[PDB]
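Okay, structure first, notes after.
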Amino acid sequence: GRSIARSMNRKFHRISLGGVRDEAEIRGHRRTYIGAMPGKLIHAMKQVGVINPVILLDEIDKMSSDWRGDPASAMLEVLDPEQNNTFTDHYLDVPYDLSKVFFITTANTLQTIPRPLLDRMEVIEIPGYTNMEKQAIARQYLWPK
Amino acid sequence: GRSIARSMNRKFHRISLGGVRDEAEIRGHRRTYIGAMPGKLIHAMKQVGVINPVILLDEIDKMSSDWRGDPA
Amino acid sequence: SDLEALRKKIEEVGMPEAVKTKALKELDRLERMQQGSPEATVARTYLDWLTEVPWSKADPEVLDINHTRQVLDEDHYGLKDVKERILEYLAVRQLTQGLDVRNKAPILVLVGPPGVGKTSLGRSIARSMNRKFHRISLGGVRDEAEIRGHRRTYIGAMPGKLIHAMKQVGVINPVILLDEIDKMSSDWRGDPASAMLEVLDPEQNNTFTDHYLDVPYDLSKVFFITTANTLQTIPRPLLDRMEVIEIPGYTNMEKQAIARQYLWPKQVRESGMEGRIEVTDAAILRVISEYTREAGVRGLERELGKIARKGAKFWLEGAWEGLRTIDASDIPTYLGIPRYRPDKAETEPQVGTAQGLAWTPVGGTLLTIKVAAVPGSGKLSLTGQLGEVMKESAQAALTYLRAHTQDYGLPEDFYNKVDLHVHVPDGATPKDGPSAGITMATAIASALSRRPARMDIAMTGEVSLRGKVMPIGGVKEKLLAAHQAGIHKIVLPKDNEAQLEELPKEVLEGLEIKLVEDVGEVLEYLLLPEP
Amino acid sequence: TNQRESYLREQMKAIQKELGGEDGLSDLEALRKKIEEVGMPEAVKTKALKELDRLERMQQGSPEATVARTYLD
Amino acid sequence: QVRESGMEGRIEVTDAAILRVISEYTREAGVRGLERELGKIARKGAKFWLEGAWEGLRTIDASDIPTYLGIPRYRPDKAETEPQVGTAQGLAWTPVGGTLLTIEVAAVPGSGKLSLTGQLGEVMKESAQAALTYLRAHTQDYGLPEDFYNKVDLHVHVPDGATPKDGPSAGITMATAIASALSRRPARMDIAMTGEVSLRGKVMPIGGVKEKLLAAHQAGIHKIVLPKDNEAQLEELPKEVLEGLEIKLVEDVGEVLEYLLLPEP
Amino acid sequence: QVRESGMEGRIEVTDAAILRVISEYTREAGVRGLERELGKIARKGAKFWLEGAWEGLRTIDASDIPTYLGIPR
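Protein chains in written order, with the numbering used here: chain A, 7 to 151; chain B, 856 to 927; chain C, -17 to 513; chain D, -7 to 65; chain E, 11 to 275; chain F, -5 to 67.
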């Protein structure tokens, strides 16, 4: 994904999803106290200056929702960037121009990824390296690091 | 109310005040500026020439306080 | 120049006594040694504003219903309810308690969208009572500075579209095309909505208190026609003294026939070639069914207007052909990809589609609700800026399918295990509860069956908890939406099958309509297999 | 330019000292005649005189003078 | 409207035509929407005369008004409703007045749990639960299995707000829709429902009883279940209203629950 | 009540009448619903005396409670 990011010249960013339990976690919460904040994916536009970065999703295998419903409809909205243009939210209430963002994902366990999010991806299975590969790349980069 | 006006030989200038957010809308304003405007009721009472017309007031059940100063 | 002409166009140019008084007070305010005060300069402007205001130039009016009928018969193809309202607007104008047009009964406000040519109707009313017609625009306007004018104690007072309106027309009783009245807010210096009240009411239009016009104007015999765009955004002082004039929509064949007849001459007059442009009926339907869907035909005016502009562009380079055969070749050349994919590709047989008839404030529409009834923990997951009416529809249809489950081999319990990921692409629908609860019911029944959808059908109707499809209002716009989609099968409730007899049959010719009243009647109608 | 613009503008405010202020005070005279035909409480007459001290502004036709003319309406 | 609208003596309406207009065009408690209806009547008739004075007084009845207005957009005389195999006639009061808030109740199987849909107070749902508790004492005699609070879930939809009155005017309206939904049996026609259940299961006096009798006869509903303490308050009411209103004088919820449940077979 | 309602030497009201009014019409422990009941009774009797000064004292007791008033709540 880092090689992809540089290719499309988009600000690469790191965002994980493990531990989201609530829909209003992905959304914002209501304007009930001083210094209240918008939703998570509108906040994904705060670390970036443009509406097309490369933000790399992580860890949908750790998703479950103890709330009623899933946020996996909001990550299904993430699975179609124009459904992000009608993003339900609370503090900001903004149908955004989230369409331009490049999307790229991670989850280290494909089976415990939920059935809402078990379609329209290709299995990029990336394990480790050998003894000799790690031995080579240590003196190639890591001991030079 | 017009029948009451016709009965007591009164006038009948009704006036609505619905949906009003200000006390400054039912009440008047301060003459120290412009954008200053009376109540609807004050303008209504401007019309008549007697101090006993039937003055009709309209649906205070459907009022609300929204701006600083309760309209009621 | 103007100092001598404006001196003598006060008292021989006929002008009402409410306006002759201010014309004489600016005859006395000006002509003072070429007065150079800023109020005298804006009064030099204002006296020009107040002399070519058209008065003592009425053109002959008719107070019979019979001549009222046939001139609007010449104006339009058909006024199924508007003819009623103009015919009483003139037949009772001679019969009410005042006998003249002094604002007792409401004016002919053309409430609704701007979706028809508001120019040509005003042209034919200027043809009707022999009057003159003028176009204005209160767009961009939310202040007394640009309704009426600025204060008369300095320089900089430009009037608003009212005195521009009744400057650039030439009769006492004009057709003033008041455009974009709906965008109105009271922003500064009190309420400029009360300024259009002063346009509107009987009392303050002859006592027309204006910032630019100190002495009151008379809008006395001034006919008022008004074209706003939205109905919810109009002020209450504008909502004073309103009578409703409706706005209809049209089918594919109706937009085709009117694009041939009633709208093509306006655009080829704007380009300037009457009859040189040929757009065949195949090309007309090619433009219409691939570019326009909604009700308004001023929206349809632009699609032929760009065609007329490109025809003028090809004509200025040289008129090598008197007629140009616009075949199927050159139409994808213009505008590249057309705005709509041709039909039955949104009506592909899909598990997750919702091929039905939803409702938008612009008009009846078709919208595909993305249903993903995945097997999860039965959790109801909804996204899309969804309102509470979406849940009120969704759990109603869900509980109907709770009450109607085992007919199609569905398992004994689903709401505890099937995670509903239903996504309305839009926010919410103002149609009562559901928009078309049977559209999403067919989508969810396709999702639960895992089976693809059907052909040529878009359904409409809301859902009851008792399994009924209650009769819905505004079925005309849904039928127009399906006809505009090329879809010729539309189910309706039984009192909406009585609304079939309510609705005019010129719309209803191109479609076929089935008899349903319960929600399970329509679920068979959007599935490629019967299970 | 502000001197001569103000000089022509004080020719206007001199007419408003002479003719326009008399017309504003004639509006106030008509409504004060309506005061003596219906009959104010004399504190309300005093307040009409008080915002007639806010009025009777011969120096300029102020928006405060307009809103106090609305007040005396 | 004869005087004002230029239709001075040129139109005969029957009151049959006017009640057709009321019953099928605007069911308002007041008559301002019906004054709009009557002005529309005066206008729609008023376009006919100057076309040629074929009549100096045009007789207009239910025969020629569908040329002029149309069909029943609303069911005239709302005594007859939908066959209430799972519902009941709404009978509710609003700021605009008489409303037939016909309660949607889905008595689907499940755990016996509640699920509310609409602007629904939880006190209204506890009134529904008190009615359930009444039917928890009333299972087999009402043709129901003894087990439903463990096995037959609740899904319920009161039109918009449960009751603009704070407190259930429509408590027995909800309850009769619930009972019909449980029984899958027709709640009988003309019988509209106002009142609510006690925890001993009583239709106690309601307050604003006059307004729901207005809500009855504005619909043309002529059958009413009502508390006997409101029978004490019924004689207070001016009987020009109470003409055309057969009223059942209950105190118990079982009295209406043996009344509209007659087609159990 | 009968002084401040202007109802002077015109009605008799027994304590049995007041007993039935309070016991059947308003169960406010303080004197705030009672004044409403009592002004309402004097209101009825004031209207009745307006169409005539017949009796030296209008008879109101516990028996004729639903005559001068609506339903006992």
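In this text, a Cβ means the ideal position worked out from N, Cα and C, and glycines have one as well.
Proximal residues to residue i (C-beta, below 8 Å), its chain only, five neighbours per side dropped
{"i": "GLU56/D", "result": "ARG46, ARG49"}
{"i": "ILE32/E", "result": "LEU44, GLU47"}
{"i": "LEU267/C", "result": "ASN234, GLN238"}
{"i": "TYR322/C", "result": "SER271, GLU272, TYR273, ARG275"}
Cβ pair residue i, residue j closer than 9 Å
{"i": "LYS233/E", "j": "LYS258/E", "result": "yes"}
{"i": "residue 578/C", "j": "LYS248/C", "result": "Residue 578/C is absent from the model: chain C starts at -17 and stops at 513."}
{"i": "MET214/E", "j": "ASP239/E", "result": "yes"}
{"i": "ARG280/C", "j": "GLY97/C", "result": "yes"}
{"i": "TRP73/A", "j": "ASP28/A", "result": "yes"}
{"i": "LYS487/C", "j": "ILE454/C", "result": "no"}
{"i": "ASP183/C", "j": "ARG130/C", "result": "no"}
{"i": "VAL251/E", "j": "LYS220/E", "result": "yes"}
{"i": "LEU485/C", "j": "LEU508/C", "result": "no"}
6 Å CB neighbourhood of residue i in its chain, flanking five on each side removed
{"i": "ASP103/A", "result": "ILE57"}
{"i": "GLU276/C", "result": "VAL344, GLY345"}
{"i": "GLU225/C", "result": "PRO88"}
{"i": "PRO416/C", "result": "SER375, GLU444, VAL445"}
{"i": "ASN188/C", "result": "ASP200, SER202"}
{"i": "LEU402/C", "result": "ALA355, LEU362"}
Residue nearest to residue i in terms of C-alpha spacing, selected from the options
{"i": "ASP55/F", "options": "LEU13/F, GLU(-2)/F, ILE65/F, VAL(-4)/F", "result": "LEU13/F"}
{"i": "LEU123/A", "options": "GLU29/A, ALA50/A, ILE66/A", "result": "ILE66/A"}
{"i": "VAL406/C", "options": "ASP72/A, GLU83/A, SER105/A", "result": "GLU83/A"}
{"i": "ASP151/E", "options": "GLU268/E, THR24/E, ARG85/E", "result": "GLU268/E"}
{"i": "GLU285/C", "options": "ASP325/C, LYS326/C, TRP297/C, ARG242/C", "result": "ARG242/C"}
{"i": "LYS4/C", "options": "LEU32/C, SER19/C, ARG291/C", "result": "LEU32/C"}
{"i": "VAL451/C", "options": "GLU459/C, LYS476/C, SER428/C", "result": "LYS476/C"}
{"i": "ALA98/E", "options": "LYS88/E, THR112/E, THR24/E, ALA89/E", "result": "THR112/E"}
{"i": "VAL207/E", "options": "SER193/E, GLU221/E, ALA180/E, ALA172/E", "result": "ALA180/E"}
{"i": "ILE40/A", "options": "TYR97/A, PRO120/A, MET14/A", "result": "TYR97/A"}
Span of the alpha helix (DSSP H) around residue i
{"i": "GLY16/D", "result": "13 to 30"}
{"i": "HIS35/A", "result": "Element bounds for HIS35/A: n/a, residue is neither H nor E."}
{"i": "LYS7/C", "result": "-1 to 11"}
{"i": "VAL371/C", "result": "370 to 385"}
{"i": "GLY128/E", "result": "That residue, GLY128/E, is in no alpha helix (DSSP H); its beta strand (DSSP E) goes 126 to 129."}
{"i": "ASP30/C", "result": "20 to 31"}
Limits of the unbroken beta strand (DSSP E) element including residue i
{"i": "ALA355/C", "result": "352 to 357"}
{"i": "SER13/A", "result": "Counting along the chain, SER13/A falls outside any beta strand (DSSP E), though it belongs to the alpha helix (DSSP H) covering 8 to 13."}
{"i": "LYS496/C", "result": "494 to 497"}
{"i": "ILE12/F", "result": "Per DSSP, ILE12/F belongs to no beta strand (DSSP E); it is in the alpha helix (DSSP H), 9 to 19."}
{"i": "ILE54/F", "result": "52 to 54"}
{"i": "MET203/E", "result": "201 to 203"}
Close-in-space but distant-in-sequence residues of the same chain around residue i (CB under 7 Å, 5 per side omitted)
{"i": "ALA11/F", "result": "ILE54, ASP55, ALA56, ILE59"}
{"i": "residue 10/E", "result": "Residue numbering for chain E in the displayed model covers 11 to 275; residue 10/E lies beyond these limits and cannot be assessed."}
{"i": "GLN902/B", "result": "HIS868"}
- Cβ contact (3+ pairs, closer than 8 Å) linking the segment 117 to 134 of chain E and the segment 234 to 245 of chain E: The count of Cβ pairs closer than 8 Å, one atom from the segment 117 to 134 of chain E and one from the segment 234 to 245 of chain E, stays below three, leaving the stretches out of contact.
- Pairing CB atoms from the segment 28 to 37 of chain D with CB atoms from the segment 869 to 885 of chain B, are three or more of them under 8 Å? no
- Touch test, the segment 136 to 143 of chain C against the segment 204 to 211 of chain C, Cβ-Cβ under 8 Å, three pairs minimum: When C-beta atoms of the segment 136 to 143 of chain C are compared with those of the segment 204 to 211 of chain C, fewer than three pairs fall below 8 Å, so the two segments do not count as touching.
- Message: For the segment 325 to 345 of chain C against the segment 452 to 472 of chain C, do three or more pairs of beta-carbon atoms, one drawn from each stretch, fall closer than 8 Å, so that the two count as touching?
- Response: yes
- Message: Taking 8 Å as the cut-off, does the segment 156 to 165 of chain E touch the segment 110 to 126 of chain E (at least 3 CB pairs, one atom from each stretch)?
- Response: yes
- Message: I'd like to know if the segment 4 to 21 of chain C and the segment -17 to -7 of chain C are in contact, where contact means that at least 3 CB-CB pairs between them fall below 8 Å.
- Response: yes
- Does the pairing of the segment 124 to 133 of chain C with the segment 60 to 80 of chain C give three or more beta-carbon distances under 8 Å? no
- Quick check: the segment 359 to 372 of chain C against the segment 77 to 91 of chain A, are there 3 or more CB pairs under 8 Å? These segments touch.
- Are the segment 27 to 45 of chain C and the segment 17 to 28 of chain D touching, with three or more C-beta to C-beta distances below 8 Å? no
- Message: For the structure I just gave you, are there three or more beta carbon pairs, one from the segment 14 to 24 of chain E and one from the segment 51 to 70 of chain E, closer than 8 Å?
- Response: Inter-segment contact for the segment 14 to 24 of chain E and the segment 51 to 70 of chain E is present: three or more beta-carbon pairs are separated by less than 8 Å.
- Message: Using a Cβ distance threshold of 8 Å, determine whether the segment 422 to 440 of chain C contacts the segment 330 to 345 of chain C, with at least three qualifying pairs required.
- Response: Note that the segment 422 to 440 of chain C touches the segment 330 to 345 of chain C; at least 3 beta-carbon pairs, one per stretch, sit closer than 8 Å.
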